[PDB]
There are 2 protein chains.
Amino acid sequence: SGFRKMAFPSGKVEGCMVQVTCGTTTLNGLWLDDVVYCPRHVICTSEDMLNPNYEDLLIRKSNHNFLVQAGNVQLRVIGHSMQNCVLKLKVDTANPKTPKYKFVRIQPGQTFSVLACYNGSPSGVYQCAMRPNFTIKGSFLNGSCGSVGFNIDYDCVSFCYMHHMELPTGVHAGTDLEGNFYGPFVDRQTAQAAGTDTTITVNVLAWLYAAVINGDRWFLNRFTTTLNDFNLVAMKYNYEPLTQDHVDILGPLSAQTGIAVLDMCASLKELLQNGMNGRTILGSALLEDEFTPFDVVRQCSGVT
Amino acid sequence: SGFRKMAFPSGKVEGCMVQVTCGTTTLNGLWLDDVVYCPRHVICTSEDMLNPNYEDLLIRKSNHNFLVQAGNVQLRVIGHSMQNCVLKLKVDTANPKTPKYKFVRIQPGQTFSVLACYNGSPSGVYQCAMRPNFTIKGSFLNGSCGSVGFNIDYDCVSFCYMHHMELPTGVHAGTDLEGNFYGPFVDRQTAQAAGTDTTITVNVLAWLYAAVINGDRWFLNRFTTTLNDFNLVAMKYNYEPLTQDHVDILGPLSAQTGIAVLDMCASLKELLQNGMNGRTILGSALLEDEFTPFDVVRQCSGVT
Ligand SMILES: *CC(=O)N1CCC[C@@H](N(CC2CCCCC2)[C@H]2CC[C@H](O)CC2)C1
Ligand SMILES: *CC(=O)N1CCC[C@@H](N(CC2CCCCC2)[C@H]2CC[C@H](O)CC2)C1
């Protein structure tokens, strides 16, 4: 028993981290097979960071200008290209530590682990969620750009995120591994609006099921509700509307605990309307939304 | 910016996990050089788990009874011995993935990462603290025994914990890598009292400094206090007494922020006496104590 914000073991990803330098800018790259992936803003300078013309900036760069270092060994760059907001540097050596991998574009509300890196060196790993507004609340300092987010299914790493920037509000924005930003963000030093964020309702319900499984049951009540009544409350409290797809994904947890999804919705409704009254659930004094129903089943069953 | 409960990258530890089976019991082992370390309770059975005579039980076991598997390859056991509550199985092959390592006995209040494992396979990584009562609030299911806790200093892994058991209260107990339990716990299926736990005051103050660095400053007030006055409040709220050693370790954070340690103690005093009034600090609605002053500096400076 016990419930923790657990990240995937980062080993398969640590073996892929490299340092990329262009001019005087250094950030992280991801070395998979004979390609190194990194944020294209590695080619920009302070003079043009307000509105870089990446096409023109990349034209002034040659293969030998991209310095790629894997630990202490230098990689030879034999090709370079820009795909959306990522640079793909073809190298002459395939990474011997390349795990089985996929590039995936995650949905908002889904979770992933982040391996924060500096100078191509891993510093730490944490679990987070892609917010409904397509930002992530990470921990990233200068030099963390190019750090990636991922999920692991047995031996396969699905890379889903590459860090590009911190908004003036302290939240983080990035791309999938094809260089497409999550959300409306652009890779330029400008004030950018992150939309109204909402709480991931299906994840809070999944976490409430995790709480019941682990013995924290005080919030269970003698009430039920309907999807429509619940959604009136969800809208009032800036929670995502619950759909029948969300109810269906909660099926296994409803089955294991014997608590119907709409009965758990009534418990959640009461917690939203009345607060926690100074109590905690799984060591938290607020409603946690960064655990998916998949994460709860995985953690509560022991998926390695 | 941003503040997360970050674990160390687990790669160096993943390379050391093996599966150990004895009779019909399977748990995890840690393969370092030519030795595999695991909980000695791997040799016990349901009939004798209430009070095992480990000396007598180990005498009925031979080297060939200990099945050690590293992924898909079987290791040859050429020696076996019990040191306190751990079994040391000498193998004929040194682990080629053995990182630079040390065995350390951590102090209560110190933090470490845990690589939860099942059948010798890593499932996830999380950061936790050794409670003042020598328990850890982990996430461990059946088969997680032998999973280890560690810290990483550049290329050196300091192993500090090996998981042995879950108390009837759902908290976790284990040993250092010499097999000595943290706390008064014994490796037997009996009701065991975990003492009164207290909040790690120096860590809460370190986290308050992390909050200030990241912009969460609402809790700062126009007051100061003394070590003696503060400790009267700490005792009332089951917080560890703050010593001058704790004030000294907070020195760097006091210097960076310009907030004297006793002024931060007055902010903490007010938060204890008045609560959070429905507000949050670093995304938490309670006072976090599982970040040491070292963790706050590391995360806020980018130590890889
Ligand atoms: C995140 C990271 O590691 N890096 C590499 C170093 C430069 C850095 N920033 C520049 C770019 C410009 C284009 C849009 C994204 C950010 C700067 C911005 C100014 C700040 O004062 C320091 C980091 C990105
Ligand atoms: C934690 C773990 O992986 N393992 C291996 C499988 C047996 C397990 N437990 C037995 C020992 C007995 C000695 C004291 C520590 C626990 C059992 C206890 C009973 C429970 O119902 C299942 C796990 C330890």
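We count from 1, first residue shown onward.
Structure method, as recorded: X-ray crystallography, 1.7 Å.
Every residue, even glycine, has its Cβ placed from backbone N, Cα and C.
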For the candidates A:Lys90, A:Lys236, I need the one that Swiss-Prot annotates as ubiquitin cross-link. A:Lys90
Just to verify a number: CA distance, A:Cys145 (active site, nucleophile) to A:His41 (active site, for 3CL-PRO activity), in angstrom, no decimals. 9
Count the other Cβ atoms sitting within 10 Å of the Cβ of A:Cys145 (active site, nucleophile), across every protein chain shown. 25
Under 8 Å by Cβ from A:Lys5 (ubiquitin cross-link), same chain, sequence gap 6 or more: A:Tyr126, A:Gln127, A:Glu290, A:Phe291
Whole-number Å only: compute the distance from the Cα of A:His41 (active site, for 3CL-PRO activity) to the Cα of A:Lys90 (ubiquitin cross-link). 18
Cβ under 8 Å from chain B, restricted to the recorded positions A:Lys5, A:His41, A:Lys90, A:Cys145, picks out A:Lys5
Under 8 Å by Cβ from A:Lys90 (ubiquitin cross-link), counting only residues of that chain that are 6 or more apart: A:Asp34, A:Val35, A:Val77, A:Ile78, A:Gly79, A:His80, A:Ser81
